[PDB]
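Asker: Structure supplied as final35.cif; contents: mmCIF, N, CA and C atoms.
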data_query
#
loop_
_atom_site.label_atom_id
_atom_site.label_comp_id
_atom_site.auth_asym_id
_atom_site.auth_seq_id
_atom_site.Cartn_x
_atom_site.Cartn_y
_atom_site.Cartn_z
N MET A 1 117.61 44.36 -108.93
CA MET A 1 117.33 43.37 -107.89
C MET A 1 118.32 43.50 -106.74
N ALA A 2 117.96 44.30 -105.74
CA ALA A 2 118.81 44.50 -104.58
C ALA A 2 118.19 43.90 -103.32
N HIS A 3 116.87 44.03 -103.20
CA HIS A 3 116.15 43.50 -102.05
C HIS A 3 115.67 42.08 -102.32
N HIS A 4 115.70 41.24 -101.29
CA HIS A 4 115.26 39.86 -101.41
C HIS A 4 113.89 39.66 -100.78
N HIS A 5 113.01 38.97 -101.49
CA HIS A 5 111.66 38.71 -100.99
C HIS A 5 111.68 37.66 -99.88
N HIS A 6 111.44 38.10 -98.65
CA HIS A 6 111.43 37.20 -97.51
C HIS A 6 110.59 37.77 -96.37
N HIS A 7 109.62 36.98 -95.91
CA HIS A 7 108.74 37.41 -94.83
C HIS A 7 109.12 36.72 -93.52
N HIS A 8 109.15 37.49 -92.44
CA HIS A 8 109.50 36.96 -91.13
C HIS A 8 108.48 37.40 -90.08
N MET A 9 108.38 38.71 -89.87
CA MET A 9 107.44 39.25 -88.89
C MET A 9 106.00 39.03 -89.34
N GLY A 10 105.23 38.34 -88.51
CA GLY A 10 103.84 38.08 -88.84
C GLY A 10 103.34 36.77 -88.24
N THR A 11 104.26 35.84 -88.02
CA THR A 11 103.91 34.54 -87.46
C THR A 11 104.17 34.50 -85.96
N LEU A 12 104.12 35.67 -85.33
CA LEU A 12 104.35 35.77 -83.89
C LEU A 12 103.23 36.57 -83.22
N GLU A 13 103.17 36.48 -81.89
CA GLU A 13 102.15 37.19 -81.13
C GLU A 13 102.76 37.89 -79.91
N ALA A 14 102.39 39.14 -79.71
CA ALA A 14 102.90 39.92 -78.58
C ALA A 14 101.77 40.34 -77.65
N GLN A 15 102.04 40.33 -76.35
CA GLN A 15 101.05 40.71 -75.36
C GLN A 15 101.68 41.53 -74.24
N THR A 16 101.20 42.76 -74.07
CA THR A 16 101.73 43.65 -73.04
C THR A 16 100.95 44.96 -73.00
N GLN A 17 100.52 45.36 -71.81
CA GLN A 17 99.77 46.60 -71.64
C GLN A 17 99.55 46.90 -70.16
N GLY A 18 99.21 48.15 -69.87
CA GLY A 18 98.98 48.55 -68.49
C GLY A 18 98.99 50.06 -68.31
N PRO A 19 98.49 50.52 -67.16
CA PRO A 19 98.44 51.95 -66.84
C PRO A 19 99.82 52.55 -66.60
N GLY A 20 99.86 53.86 -66.39
CA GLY A 20 101.13 54.53 -66.15
C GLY A 20 101.76 54.12 -64.83
N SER A 21 102.41 55.08 -64.17
CA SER A 21 103.06 54.81 -62.89
C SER A 21 104.20 53.81 -63.06
N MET A 22 104.72 53.72 -64.28
CA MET A 22 105.82 52.80 -64.58
C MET A 22 106.95 52.96 -63.58
N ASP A 23 107.75 51.91 -63.41
CA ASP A 23 108.87 51.94 -62.48
C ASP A 23 110.05 51.15 -63.04
N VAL A 24 110.63 51.65 -64.12
CA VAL A 24 111.77 51.00 -64.75
C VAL A 24 112.99 51.92 -64.79
N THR A 25 114.10 51.44 -64.24
CA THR A 25 115.33 52.23 -64.21
C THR A 25 116.45 51.51 -64.95
N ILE A 26 117.12 52.24 -65.84
CA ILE A 26 118.22 51.68 -66.62
C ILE A 26 119.53 52.39 -66.31
N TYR A 27 120.63 51.64 -66.34
CA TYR A 27 121.94 52.19 -66.06
C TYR A 27 122.92 51.86 -67.18
N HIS A 28 123.25 52.87 -67.99
CA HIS A 28 124.18 52.68 -69.10
C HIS A 28 124.52 54.02 -69.75
N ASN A 29 125.18 53.96 -70.90
CA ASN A 29 125.57 55.17 -71.62
C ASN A 29 124.93 55.20 -73.00
N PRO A 30 124.87 56.40 -73.60
CA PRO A 30 124.29 56.60 -74.93
C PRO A 30 125.14 55.98 -76.03
N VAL A 31 124.53 55.09 -76.81
CA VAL A 31 125.23 54.42 -77.90
C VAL A 31 124.28 54.12 -79.06
N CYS A 32 124.56 54.72 -80.21
CA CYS A 32 123.73 54.52 -81.39
C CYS A 32 123.53 53.03 -81.67
N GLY A 33 122.47 52.71 -82.40
CA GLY A 33 122.19 51.32 -82.72
C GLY A 33 121.60 50.56 -81.55
N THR A 34 122.45 50.17 -80.61
CA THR A 34 122.01 49.42 -79.44
C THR A 34 120.94 50.20 -78.67
N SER A 35 121.28 51.42 -78.27
CA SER A 35 120.35 52.26 -77.52
C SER A 35 119.02 52.40 -78.27
N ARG A 36 119.11 52.49 -79.59
CA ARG A 36 117.92 52.63 -80.43
C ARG A 36 117.05 51.38 -80.35
N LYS A 37 117.69 50.22 -80.39
CA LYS A 37 116.98 48.94 -80.33
C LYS A 37 116.25 48.80 -79.00
N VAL A 38 116.99 48.92 -77.90
CA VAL A 38 116.41 48.80 -76.57
C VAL A 38 115.29 49.81 -76.37
N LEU A 39 115.53 51.05 -76.79
CA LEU A 39 114.54 52.11 -76.66
C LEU A 39 113.30 51.80 -77.50
N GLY A 40 113.51 51.16 -78.64
CA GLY A 40 112.39 50.82 -79.51
C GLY A 40 111.48 49.78 -78.90
N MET A 41 112.07 48.70 -78.39
CA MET A 41 111.30 47.63 -77.78
C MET A 41 110.57 48.13 -76.54
N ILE A 42 111.26 48.91 -75.72
CA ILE A 42 110.67 49.45 -74.50
C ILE A 42 109.57 50.45 -74.82
N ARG A 43 109.91 51.46 -75.62
CA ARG A 43 108.95 52.49 -76.00
C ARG A 43 107.73 51.87 -76.69
N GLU A 44 107.97 50.78 -77.41
CA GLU A 44 106.89 50.09 -78.12
C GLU A 44 106.03 49.28 -77.16
N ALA A 45 106.67 48.71 -76.14
CA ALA A 45 105.96 47.92 -75.14
C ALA A 45 105.08 48.80 -74.26
N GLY A 46 105.46 50.06 -74.13
CA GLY A 46 104.69 50.99 -73.32
C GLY A 46 105.31 51.19 -71.94
N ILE A 47 106.63 51.35 -71.90
CA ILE A 47 107.33 51.55 -70.65
C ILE A 47 108.24 52.78 -70.72
N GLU A 48 108.28 53.55 -69.64
CA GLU A 48 109.11 54.74 -69.58
C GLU A 48 110.29 54.54 -68.63
N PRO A 49 111.40 54.02 -69.18
CA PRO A 49 112.62 53.77 -68.41
C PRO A 49 113.31 55.05 -67.98
N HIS A 50 114.09 54.97 -66.90
CA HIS A 50 114.81 56.13 -66.39
C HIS A 50 116.30 56.03 -66.71
N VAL A 51 116.81 57.02 -67.44
CA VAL A 51 118.22 57.04 -67.82
C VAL A 51 119.09 57.48 -66.65
N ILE A 52 119.77 56.51 -66.03
CA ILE A 52 120.64 56.80 -64.90
C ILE A 52 122.11 56.82 -65.33
N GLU A 53 122.85 57.80 -64.82
CA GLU A 53 124.26 57.93 -65.15
C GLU A 53 125.13 57.67 -63.92
N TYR A 54 125.75 56.50 -63.88
CA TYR A 54 126.61 56.13 -62.76
C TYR A 54 128.05 55.95 -63.22
N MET A 55 128.99 56.39 -62.38
CA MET A 55 130.41 56.27 -62.70
C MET A 55 130.82 54.81 -62.87
N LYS A 56 131.89 54.58 -63.60
CA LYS A 56 132.39 53.23 -63.84
C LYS A 56 132.56 52.48 -62.52
N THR A 57 132.31 51.17 -62.56
CA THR A 57 132.44 50.34 -61.37
C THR A 57 132.55 48.86 -61.74
N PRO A 58 133.71 48.48 -62.30
CA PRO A 58 133.97 47.10 -62.71
C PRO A 58 134.13 46.16 -61.52
N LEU A 59 133.27 45.15 -61.46
CA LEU A 59 133.31 44.18 -60.37
C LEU A 59 134.25 43.02 -60.71
N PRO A 60 134.71 42.31 -59.67
CA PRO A 60 135.61 41.17 -59.83
C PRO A 60 134.92 39.97 -60.47
N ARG A 61 135.72 39.07 -61.04
CA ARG A 61 135.18 37.88 -61.69
C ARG A 61 134.24 37.13 -60.75
N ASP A 62 134.66 36.97 -59.50
CA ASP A 62 133.85 36.27 -58.51
C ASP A 62 132.47 36.90 -58.39
N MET A 63 132.43 38.23 -58.40
CA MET A 63 131.17 38.96 -58.29
C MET A 63 130.32 38.77 -59.55
N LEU A 64 130.97 38.74 -60.70
CA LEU A 64 130.28 38.56 -61.97
C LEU A 64 129.66 37.17 -62.06
N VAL A 65 130.46 36.15 -61.76
CA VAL A 65 129.99 34.77 -61.81
C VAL A 65 128.91 34.53 -60.77
N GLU A 66 129.06 35.16 -59.61
CA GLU A 66 128.09 35.01 -58.52
C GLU A 66 126.76 35.67 -58.88
N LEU A 67 126.84 36.80 -59.58
CA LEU A 67 125.65 37.54 -59.98
C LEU A 67 124.98 36.87 -61.18
N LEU A 68 125.79 36.37 -62.11
CA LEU A 68 125.28 35.71 -63.30
C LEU A 68 124.72 34.33 -62.95
N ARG A 69 125.35 33.66 -61.99
CA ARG A 69 124.91 32.34 -61.57
C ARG A 69 123.65 32.43 -60.71
N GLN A 70 123.60 33.44 -59.85
CA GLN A 70 122.46 33.64 -58.97
C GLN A 70 121.30 34.28 -59.72
N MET A 71 121.62 35.03 -60.77
CA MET A 71 120.61 35.70 -61.58
C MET A 71 119.63 34.69 -62.16
N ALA A 72 120.15 33.77 -62.98
CA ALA A 72 119.32 32.74 -63.60
C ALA A 72 119.89 31.35 -63.36
N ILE A 73 121.03 31.07 -63.98
CA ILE A 73 121.68 29.77 -63.83
C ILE A 73 123.20 29.91 -63.92
N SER A 74 123.90 28.83 -63.58
CA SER A 74 125.36 28.83 -63.62
C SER A 74 125.87 29.39 -64.94
N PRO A 75 127.16 29.76 -64.97
CA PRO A 75 127.79 30.31 -66.17
C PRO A 75 127.96 29.27 -67.27
N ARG A 76 127.68 28.01 -66.94
CA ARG A 76 127.81 26.92 -67.90
C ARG A 76 126.70 26.99 -68.94
N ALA A 77 125.50 27.37 -68.51
CA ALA A 77 124.36 27.48 -69.40
C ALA A 77 123.89 28.92 -69.52
N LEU A 78 124.84 29.84 -69.63
CA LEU A 78 124.52 31.26 -69.75
C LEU A 78 124.88 31.78 -71.14
N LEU A 79 126.06 31.42 -71.62
CA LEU A 79 126.52 31.85 -72.93
C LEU A 79 125.51 31.46 -74.01
N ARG A 80 124.78 32.45 -74.51
CA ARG A 80 123.78 32.21 -75.55
C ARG A 80 124.42 31.59 -76.79
N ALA A 81 123.59 31.21 -77.75
CA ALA A 81 124.08 30.60 -78.98
C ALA A 81 124.73 31.65 -79.89
N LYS A 82 124.10 32.81 -79.99
CA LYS A 82 124.61 33.89 -80.82
C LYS A 82 126.10 34.10 -80.57
N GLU A 83 126.54 33.78 -79.36
CA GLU A 83 127.95 33.94 -78.99
C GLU A 83 128.79 32.79 -79.54
N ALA A 84 128.70 32.57 -80.85
CA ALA A 84 129.45 31.51 -81.50
C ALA A 84 130.82 31.32 -80.85
N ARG A 85 131.45 32.43 -80.50
CA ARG A 85 132.77 32.40 -79.87
C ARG A 85 132.78 31.43 -78.69
N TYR A 86 131.76 31.53 -77.84
CA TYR A 86 131.65 30.67 -76.67
C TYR A 86 131.85 29.20 -77.05
N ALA A 87 131.07 28.74 -78.02
CA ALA A 87 131.16 27.36 -78.49
C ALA A 87 132.46 27.12 -79.24
N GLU A 88 132.96 28.16 -79.91
CA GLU A 88 134.19 28.06 -80.67
C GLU A 88 135.37 27.69 -79.77
N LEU A 89 135.38 28.27 -78.57
CA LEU A 89 136.44 28.00 -77.61
C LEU A 89 136.28 26.62 -76.98
N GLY A 90 135.16 25.97 -77.28
CA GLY A 90 134.91 24.64 -76.74
C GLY A 90 134.36 24.69 -75.33
N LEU A 91 133.82 25.84 -74.94
CA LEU A 91 133.26 26.01 -73.61
C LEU A 91 132.11 25.03 -73.37
N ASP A 92 131.40 24.69 -74.44
CA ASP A 92 130.28 23.77 -74.35
C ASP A 92 130.73 22.42 -73.80
N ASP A 93 132.03 22.16 -73.88
CA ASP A 93 132.59 20.90 -73.38
C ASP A 93 132.11 20.62 -71.96
N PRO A 94 131.43 19.48 -71.78
CA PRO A 94 130.91 19.06 -70.48
C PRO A 94 132.02 18.67 -69.51
N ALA A 95 133.24 18.59 -70.02
CA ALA A 95 134.39 18.23 -69.19
C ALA A 95 135.11 19.47 -68.67
N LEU A 96 134.36 20.56 -68.53
CA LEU A 96 134.92 21.82 -68.04
C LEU A 96 134.37 22.16 -66.66
N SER A 97 134.76 23.32 -66.14
CA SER A 97 134.30 23.77 -64.83
C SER A 97 134.11 25.28 -64.81
N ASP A 98 133.48 25.77 -63.74
CA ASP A 98 133.24 27.20 -63.60
C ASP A 98 134.54 27.99 -63.73
N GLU A 99 135.65 27.36 -63.37
CA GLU A 99 136.96 28.00 -63.45
C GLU A 99 137.22 28.52 -64.86
N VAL A 100 137.29 27.60 -65.82
CA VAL A 100 137.53 27.97 -67.21
C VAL A 100 136.38 28.79 -67.78
N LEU A 101 135.16 28.43 -67.39
CA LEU A 101 133.97 29.13 -67.86
C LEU A 101 134.04 30.62 -67.52
N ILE A 102 134.30 30.91 -66.25
CA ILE A 102 134.40 32.29 -65.79
C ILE A 102 135.58 33.00 -66.43
N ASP A 103 136.76 32.40 -66.32
CA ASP A 103 137.97 32.97 -66.90
C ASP A 103 137.74 33.36 -68.36
N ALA A 104 136.97 32.55 -69.07
CA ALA A 104 136.67 32.81 -70.47
C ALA A 104 135.72 33.99 -70.63
N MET A 105 134.66 33.99 -69.83
CA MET A 105 133.67 35.06 -69.88
C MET A 105 134.31 36.40 -69.53
N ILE A 106 135.09 36.42 -68.46
CA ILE A 106 135.76 37.64 -68.02
C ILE A 106 136.68 38.18 -69.11
N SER A 107 137.11 37.30 -70.00
CA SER A 107 138.00 37.69 -71.09
C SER A 107 137.20 38.16 -72.30
N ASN A 108 136.04 37.55 -72.51
CA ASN A 108 135.18 37.91 -73.63
C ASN A 108 134.43 39.21 -73.35
N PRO A 109 133.94 39.86 -74.42
CA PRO A 109 133.20 41.12 -74.32
C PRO A 109 131.83 40.93 -73.68
N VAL A 110 131.38 39.69 -73.61
CA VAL A 110 130.08 39.37 -73.02
C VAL A 110 130.04 39.74 -71.54
N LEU A 111 131.22 39.96 -70.96
CA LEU A 111 131.32 40.31 -69.55
C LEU A 111 130.79 41.72 -69.31
N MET A 112 130.53 42.45 -70.39
CA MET A 112 130.01 43.81 -70.29
C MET A 112 128.74 43.84 -69.45
N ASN A 113 128.87 44.22 -68.18
CA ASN A 113 127.73 44.29 -67.28
C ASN A 113 127.32 45.74 -67.04
N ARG A 114 128.01 46.66 -67.70
CA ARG A 114 127.72 48.08 -67.56
C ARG A 114 126.23 48.35 -67.72
N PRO A 115 125.68 48.00 -68.89
CA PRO A 115 124.26 48.19 -69.20
C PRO A 115 123.37 47.25 -68.40
N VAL A 116 122.71 47.79 -67.38
CA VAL A 116 121.82 47.00 -66.54
C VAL A 116 120.43 47.62 -66.48
N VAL A 117 119.41 46.81 -66.77
CA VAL A 117 118.03 47.28 -66.75
C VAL A 117 117.28 46.72 -65.55
N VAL A 118 116.66 47.60 -64.78
CA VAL A 118 115.91 47.20 -63.60
C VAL A 118 114.41 47.40 -63.81
N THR A 119 113.65 46.32 -63.72
CA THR A 119 112.20 46.38 -63.90
C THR A 119 111.47 45.90 -62.65
N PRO A 120 110.20 46.29 -62.52
CA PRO A 120 109.36 45.92 -61.38
C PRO A 120 109.01 44.43 -61.38
N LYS A 121 109.39 43.74 -62.44
CA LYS A 121 109.12 42.31 -62.56
C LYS A 121 110.42 41.51 -62.52
N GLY A 122 111.54 42.20 -62.35
CA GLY A 122 112.82 41.54 -62.30
C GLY A 122 113.95 42.40 -62.83
N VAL A 123 115.19 41.96 -62.60
CA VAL A 123 116.35 42.71 -63.06
C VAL A 123 117.18 41.88 -64.04
N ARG A 124 117.82 42.55 -64.99
CA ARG A 124 118.65 41.88 -65.98
C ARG A 124 119.50 42.88 -66.75
N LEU A 125 120.43 42.37 -67.55
CA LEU A 125 121.31 43.22 -68.34
C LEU A 125 120.53 43.99 -69.40
N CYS A 126 120.75 45.30 -69.46
CA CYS A 126 120.07 46.15 -70.43
C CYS A 126 120.48 45.79 -71.86
N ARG A 127 121.65 45.18 -71.99
CA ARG A 127 122.16 44.78 -73.30
C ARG A 127 122.83 43.41 -73.23
N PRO A 128 122.97 42.76 -74.40
CA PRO A 128 122.52 43.33 -75.67
C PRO A 128 121.00 43.38 -75.78
N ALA A 129 120.50 43.86 -76.91
CA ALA A 129 119.07 43.96 -77.14
C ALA A 129 118.38 42.61 -76.90
N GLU A 130 119.13 41.53 -77.10
CA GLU A 130 118.59 40.19 -76.91
C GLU A 130 118.24 39.95 -75.44
N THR A 131 119.19 40.23 -74.56
CA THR A 131 118.99 40.04 -73.12
C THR A 131 117.80 40.85 -72.63
N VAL A 132 117.79 42.14 -72.95
CA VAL A 132 116.71 43.03 -72.53
C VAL A 132 115.38 42.58 -73.12
N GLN A 133 115.42 42.07 -74.34
CA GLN A 133 114.22 41.60 -75.02
C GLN A 133 113.64 40.37 -74.32
N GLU A 134 114.52 39.56 -73.74
CA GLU A 134 114.10 38.35 -73.04
C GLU A 134 113.52 38.69 -71.67
N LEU A 135 114.12 39.68 -71.01
CA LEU A 135 113.66 40.10 -69.69
C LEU A 135 112.32 40.82 -69.78
N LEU A 136 112.15 41.62 -70.83
CA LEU A 136 110.91 42.37 -71.03
C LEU A 136 109.89 41.52 -71.78
#
Before anything else, please render the file you have as structure tokens.
Answerer:
Amino acid sequence: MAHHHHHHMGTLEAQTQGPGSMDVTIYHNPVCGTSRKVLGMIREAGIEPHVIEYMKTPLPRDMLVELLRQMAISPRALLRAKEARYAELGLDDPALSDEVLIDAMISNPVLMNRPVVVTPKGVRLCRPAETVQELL
């Protein structure tokens, strides 16, 4: 008895299709696991992303917060739940400000903006697989 009987996939519905002429460009580096996940969801959805190789270019905190805030919403409601760390630091505290929020993000690994996926329906972080999965 090594495997546990548990069903998950099956109570969901997926919808996506269309002709070629795809126009999706991704910017990141080759990394096992993650790259496989993103490639799986994309390849499965029926999209042919373009592997772009750009030299390192770390932007300032102000640029990160401005891009993350303008992207969807302020940095206050950006830290997903999976990022237990975010809540662990007490960032959820409503008595905080963008100051501490940003300073915290810039310190956490979540600041990784290297992996960026560009789609004809919008732009978002190529990783983690969660972010890309939400954008696609």
Asker: Hey, can I get the axis-aligned box for stretch 28-40 of chain A? All listed atoms, 4 Å padding on each side, centre and edge lengths in Å to one decimal, as lines of an AutoDock Vina configuration file.
Answerer:
center_x = 118.5
center_y = 52.7
center_z = -75.4
size_x = 22.1
size_y = 15.8
size_z = 22.7
Asker: Please extract the residues of chain A with a backbone DSSP assignment of strand (DSSP E) and present them as an MDAnalysis selection string.
Answerer: chainID A and resid 24:27 49:52 116:119 122:125
Asker: Find the residue from A:104, A:125, A:89, A:45 that sits nearest to residue A:17; use only N, CA and C atoms when measuring.
Answerer: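 Looking only at the distances to residue A:17, the closest residue turns out to be A:45.
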Asker: Which residues of stretch 73-107 of chain A come within 8 Å of stretch 47-67 of chain A, and what is each one's closest atom pair and distance in Å (one decimal), counting only N, CA and C atoms, sorted by chain and residue number, as a Markdown table?
Answerer:
| residue | atom | partner | partner_atom | distance |
| --- | --- | --- | --- | --- |
| A:73 | N | A:67 | C | 7.6 |
| A:74 | C | A:65 | C | 7.3 |
| A:75 | N | A:65 | CA | 6.6 |
| A:102 | CA | A:65 | CA | 6.4 |
| A:103 | N | A:61 | CA | 7.3 |
| A:106 | CA | A:61 | CA | 6.4 |
Asker: Using only C-alpha atoms, which residue out of A:38, A:68, A:94, A:108 lies closest to residue A:26?
Answerer: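 Among the listed residues, A:38 lies closest to residue A:26.
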Asker: To test your reading of the structure, identify every residue in chain A that backbone DSSP assigns to helix (DSSP H, G or I), and report it as a ChimeraX atom specification.
Answerer: /A:34-45,61-71,75-77,84-88,98-107,109-111,129-135
Asker: Can you spit out the residues from that selection as a compact mmCIF listing (two decimals), keeping the file's coordinate frame, using N, CA and C atoms?
Answerer:
# COMPACT_ATOMS: atom_id res chain seq x y z
N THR A 34 122.45 50.17 -80.61
CA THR A 34 122.01 49.42 -79.44
C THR A 34 120.94 50.20 -78.67
N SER A 35 121.28 51.42 -78.27
CA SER A 35 120.35 52.26 -77.52
C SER A 35 119.02 52.40 -78.27
N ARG A 36 119.11 52.49 -79.59
CA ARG A 36 117.92 52.63 -80.43
C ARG A 36 117.05 51.38 -80.35
N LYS A 37 117.69 50.22 -80.39
CA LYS A 37 116.98 48.94 -80.33
C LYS A 37 116.25 48.80 -79.00
N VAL A 38 116.99 48.92 -77.90
CA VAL A 38 116.41 48.80 -76.57
C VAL A 38 115.29 49.81 -76.37
N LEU A 39 115.53 51.05 -76.79
CA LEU A 39 114.54 52.11 -76.66
C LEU A 39 113.30 51.80 -77.50
N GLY A 40 113.51 51.16 -78.64
CA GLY A 40 112.39 50.82 -79.51
C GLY A 40 111.48 49.78 -78.90
N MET A 41 112.07 48.70 -78.39
CA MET A 41 111.30 47.63 -77.78
C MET A 41 110.57 48.13 -76.54
N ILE A 42 111.26 48.91 -75.72
CA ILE A 42 110.67 49.45 -74.50
C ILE A 42 109.57 50.45 -74.82
N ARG A 43 109.91 51.46 -75.62
CA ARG A 43 108.95 52.49 -76.00
C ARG A 43 107.73 51.87 -76.69
N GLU A 44 107.97 50.78 -77.41
CA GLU A 44 106.89 50.09 -78.12
C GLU A 44 106.03 49.28 -77.16
N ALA A 45 106.67 48.71 -76.14
CA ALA A 45 105.96 47.92 -75.14
C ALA A 45 105.08 48.80 -74.26
N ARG A 61 135.72 39.07 -61.04
CA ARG A 61 135.18 37.88 -61.69
C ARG A 61 134.24 37.13 -60.75
N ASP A 62 134.66 36.97 -59.50
CA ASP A 62 133.85 36.27 -58.51
C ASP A 62 132.47 36.90 -58.39
N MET A 63 132.43 38.23 -58.40
CA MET A 63 131.17 38.96 -58.29
C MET A 63 130.32 38.77 -59.55
N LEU A 64 130.97 38.74 -60.70
CA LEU A 64 130.28 38.56 -61.97
C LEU A 64 129.66 37.17 -62.06
N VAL A 65 130.46 36.15 -61.76
CA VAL A 65 129.99 34.77 -61.81
C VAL A 65 128.91 34.53 -60.77
N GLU A 66 129.06 35.16 -59.61
CA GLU A 66 128.09 35.01 -58.52
C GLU A 66 126.76 35.67 -58.88
N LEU A 67 126.84 36.80 -59.58
CA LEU A 67 125.65 37.54 -59.98
C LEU A 67 124.98 36.87 -61.18
N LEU A 68 125.79 36.37 -62.11
CA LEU A 68 125.28 35.71 -63.30
C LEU A 68 124.72 34.33 -62.95
N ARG A 69 125.35 33.66 -61.99
CA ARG A 69 124.91 32.34 -61.57
C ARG A 69 123.65 32.43 -60.71
N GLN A 70 123.60 33.44 -59.85
CA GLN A 70 122.46 33.64 -58.97
C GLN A 70 121.30 34.28 -59.72
N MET A 71 121.62 35.03 -60.77
CA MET A 71 120.61 35.70 -61.58
C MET A 71 119.63 34.69 -62.16
N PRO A 75 127.16 29.76 -64.97
CA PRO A 75 127.79 30.31 -66.17
C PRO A 75 127.96 29.27 -67.27
N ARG A 76 127.68 28.01 -66.94
CA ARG A 76 127.81 26.92 -67.90
C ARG A 76 126.70 26.99 -68.94
N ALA A 77 125.50 27.37 -68.51
CA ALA A 77 124.36 27.48 -69.40
C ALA A 77 123.89 28.92 -69.52
N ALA A 84 128.70 32.57 -80.85
CA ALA A 84 129.45 31.51 -81.50
C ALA A 84 130.82 31.32 -80.85
N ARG A 85 131.45 32.43 -80.50
CA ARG A 85 132.77 32.40 -79.87
C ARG A 85 132.78 31.43 -78.69
N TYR A 86 131.76 31.53 -77.84
CA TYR A 86 131.65 30.67 -76.67
C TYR A 86 131.85 29.20 -77.05
N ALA A 87 131.07 28.74 -78.02
CA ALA A 87 131.16 27.36 -78.49
C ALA A 87 132.46 27.12 -79.24
N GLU A 88 132.96 28.16 -79.91
CA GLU A 88 134.19 28.06 -80.67
C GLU A 88 135.37 27.69 -79.77
N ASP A 98 133.48 25.77 -63.74
CA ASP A 98 133.24 27.20 -63.60
C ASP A 98 134.54 27.99 -63.73
N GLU A 99 135.65 27.36 -63.37
CA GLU A 99 136.96 28.00 -63.45
C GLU A 99 137.22 28.52 -64.86
N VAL A 100 137.29 27.60 -65.82
CA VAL A 100 137.53 27.97 -67.21
C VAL A 100 136.38 28.79 -67.78
N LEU A 101 135.16 28.43 -67.39
CA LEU A 101 133.97 29.13 -67.86
C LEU A 101 134.04 30.62 -67.52
N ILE A 102 134.30 30.91 -66.25
CA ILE A 102 134.40 32.29 -65.79
C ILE A 102 135.58 33.00 -66.43
N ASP A 103 136.76 32.40 -66.32
CA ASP A 103 137.97 32.97 -66.90
C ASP A 103 137.74 33.36 -68.36
N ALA A 104 136.97 32.55 -69.07
CA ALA A 104 136.67 32.81 -70.47
C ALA A 104 135.72 33.99 -70.63
N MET A 105 134.66 33.99 -69.83
CA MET A 105 133.67 35.06 -69.88
C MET A 105 134.31 36.40 -69.53
N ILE A 106 135.09 36.42 -68.46
CA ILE A 106 135.76 37.64 -68.02
C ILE A 106 136.68 38.18 -69.11
N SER A 107 137.11 37.30 -70.00
CA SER A 107 138.00 37.69 -71.09
C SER A 107 137.20 38.16 -72.30
N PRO A 109 133.94 39.86 -74.42
CA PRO A 109 133.20 41.12 -74.32
C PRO A 109 131.83 40.93 -73.68
N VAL A 110 131.38 39.69 -73.61
CA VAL A 110 130.08 39.37 -73.02
C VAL A 110 130.04 39.74 -71.54
N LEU A 111 131.22 39.96 -70.96
CA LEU A 111 131.32 40.31 -69.55
C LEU A 111 130.79 41.72 -69.31
N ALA A 129 120.50 43.86 -76.91
CA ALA A 129 119.07 43.96 -77.14
C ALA A 129 118.38 42.61 -76.90
N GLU A 130 119.13 41.53 -77.10
CA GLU A 130 118.59 40.19 -76.91
C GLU A 130 118.24 39.95 -75.44
N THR A 131 119.19 40.23 -74.56
CA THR A 131 118.99 40.04 -73.12
C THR A 131 117.80 40.85 -72.63
N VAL A 132 117.79 42.14 -72.95
CA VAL A 132 116.71 43.03 -72.53
C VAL A 132 115.38 42.58 -73.12
N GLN A 133 115.42 42.07 -74.34
CA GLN A 133 114.22 41.60 -75.02
C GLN A 133 113.64 40.37 -74.32
N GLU A 134 114.52 39.56 -73.74
CA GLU A 134 114.10 38.35 -73.04
C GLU A 134 113.52 38.69 -71.67
N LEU A 135 114.12 39.68 -71.01
CA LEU A 135 113.66 40.10 -69.69
C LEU A 135 112.32 40.82 -69.78
Asker: Do you know which residues the PyMOL selection byres (((chain A and resi 16 and name CA) around 12) and name CA) returns on this file, as a list in words?
Answerer: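 In the shown coordinates, the PyMOL selection byres (((chain A and resi 16 and name CA) around 12) and name CA) covers residues 13, 14, 15, 17, 18, 19, 41, 42, 43, 44, 45, 46, 47 and 136 of chain A.
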Asker: With the PyMOL selection byres ((chain A and resi 126) around 5) as the selection, what would be picked from this file? Answer as a list in words, please.
Answerer: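 Against this file, the PyMOL selection byres ((chain A and resi 126) around 5) returns the residues residues 115, 116, 117, 124, 125, 127, 128 and 132 of chain A.
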Asker: Could you tell me how far atom N of residue A:31 lies from atom C of residue A:82, in Å and to one decimal?
Answerer: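 We find that atom N of residue A:31 and atom C of residue A:82 lie 21.4 Å from each other.
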Asker: What does the distance between atom N of residue A:79 and atom C of residue A:36 come to in Å, to one decimal place?
Answerer: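 Atom-to-atom, atom N of residue A:79 to atom C of residue A:36, that is 23.6 Å.
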Asker: As a list in words, please: the residues near residue A:120 (cut-off 8 Å, only N, CA and C atoms, same-chain neighbours under 2 positions excluded).
Answerer: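 Contacts, in chain order: residues 22, 23, 24, 25, 117, 118, 122 and 123 of chain A.
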Asker: In Å to one decimal, how far is atom N of residue A:6 from atom N of residue A:80?
Answerer: 28.2 Å
Asker: Let me make sure I understand: among A:21, A:70, A:97, A:131, which one has the smallest atom-to-atom distance to residue A:37 if we use only C-alpha atoms?
Answerer: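 Among A:21, A:70, A:97, A:131, it is A:131 that comes nearest to residue A:37.
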